[PDB]
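Shown next as structure tokens: one chain only, the form deposited in one PDB entry.
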């Protein structure tokens, strides 16, 4: 075939990071379906090829595993699926409708990549060992591989949600996202799960700090689904710790949350009283290898934050509790894609 040729060609191009403004303008109306088709038929191959080339540069002990080869198979098939539209006519609406349907198939084809790549980490641990150097090499690749996946799925979802059929939300982006509302939604979901497994759930306490406009609700341009995922994973760990640490007690400390809006950053602290974690083991929380056993929520949650020039940091105090801050860019002009 020509798959090694396509990868070599499109790997010479560099991924083009986009800004929240560019995302909003790409989906301003339905007349830009042809501009997105002309852009995605060239951008998606570049991003798919750049990561495919790094996969092929992995050590043979990792590359020959059935997991890496099954994922590499999907990427090749999705690349070729997009090759077909490079010569078609944007003016023909049938070319556009078939492109949208093709992206949905590519999206469902890669919907089980995180579990598949997790099976490979477990295989490597039991096949070669859990060496400190093996952790960094696997951390380096998975952080870049998962961040690339998030970028490709963002492009696909922005096209299949805006350019389907015929606005408050511009696809997956909400230009007036109330952070507190997403915090409550994530807490309510974790509460339902915690109330059924432990028969007890900590309460919630939200506090907003709008520095330049005191008492003005905090809004931002962001992907609420990504913020929900990060907050949902943090709440689950905070509740399990708050409950399991007070099983022999009657007081159940609440999970407090602070939303602060500055001139450049929008932070979301989350505090609990779960007995903290020793500093020596804090690295294991964001480690794919040390989080594998016969979940990648926190490692991937930090990638969702870094996807738009953010970060997710943890700082605990053994004997008391743990804190978690989601650092986001408050301004849309600074919210640009971070691509590997």
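Positions refer to the first chain, counted from 1. Throughout, rigid core stands for the largest set of C-alpha atoms superposing within 1.5 Å between the two forms.
Keep in mind that the form deposited in another entry is missing from the display, and what follows is about it.
- Rigid core superposed between this form and the one not shown, residues 208, 131, 81, 265 considered: the one with a C-alpha shift of 2 Å or more is 131.
- When the rigid core is held fixed, the Cα atom of residue 279 travels less than 2 angstroms between this form and the one not shown.
- Core-superposed comparison between this form and the one not shown: the CA of residue 29 exceeds or equals a 2 Å shift.
- A change of 3 Å or more separates the two forms for residue 279 and residue 132: their C-alpha atoms lie farther apart in the other form.
- Panel note: the distance between the CA atoms of residue 30 and residue 93 is smaller in the other form than in this form, the difference being 3 Å or more.
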